[PDB]
């Protein structure tokens, strides 16, 4: 009940904000649908809760919640459990809506994403669409090359993703160099399919 009240109290402050700034009706509707999909009638203060625990508890929790994701990603399903845990521990759950530009080509990237559920489209400047779904990840190439996004990525459907900041990406990969190279191999091949090559990889 307390968490349900929290959700309602929050959404109310959100509605009032939108009304104050007079956001268009269709946008208010999108926000409504976003809150519905992202929090599903409940609001928690995770930072506060998880912060009251300790390393092991928090690690056991994240591993439990991400079982499916871990099971659908070739990358983690075979890797060192400590690697996965190190990665899982830094993930931020996010939800994007149909048509959202999650990543735009030519810009500098600050994060990468892991797909738990949903379908996205990888779009290059020269057209050419490639779909990605459950178990796949995207947005890693720029983090590896420290260059620019090599393509755009749109949400085709609602997308439940887990993102990893560029800083946390480097921290874990600095500790597990073999996973970095695994990311490189996949990346080199990906760039090759979109007519690109980068010596950095």
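So that the term is clear: the rigid core is the largest set of C-alpha atoms that superpose within 1.5 Å between two forms. Numbering follows the first chain given and starts at 1.
Trainee: Taking the root mean square of C-alpha distances over all structures and residues in 8 other deposited structures of this protein, with a rigid core superposition, name the larger of 171-179 and 26-34.
Mentor: After superposing on the rigid core, the more displaced stretch in 8 other deposited structures of this protein is 171-179.
Trainee: Given that the flanking residues are present, does residue 125 go without coordinates in at least a third of the other entries of this protein?
Mentor: Residue 125: unmodelled in a third or more of the comparison entries.
Trainee: Going by the B-factors listed in the PDB entry, is the mean over the C-alpha atoms higher for 77-85 or for 114-122?
Mentor: Looking at the record's C-alpha B-factors, the answer is 77-85.
Trainee: Which wins on mean Cα temperature factor, 128-136 or 159-167?
Mentor: The recorded data point to 128-136.
Trainee: If I read the C-alpha B-factors straight from the PDB entry, which of 33, 46, 59, 52 is highest?
Mentor: That would be 46.
Trainee: Hey, what third does residue 184 fall into on Cα B-factor, ranked over its chain?
Mentor: For residue 184, the deposited C-alpha B-factor lands in the lowest third.
Trainee: Sorting the chain's modelled residues by C-alpha B-factor, tell me whether residue 150 ends up in the lowest, middle or highest third.
Mentor: According to the entry, residue 150 has a C-alpha B-factor in the chain's lowest third.
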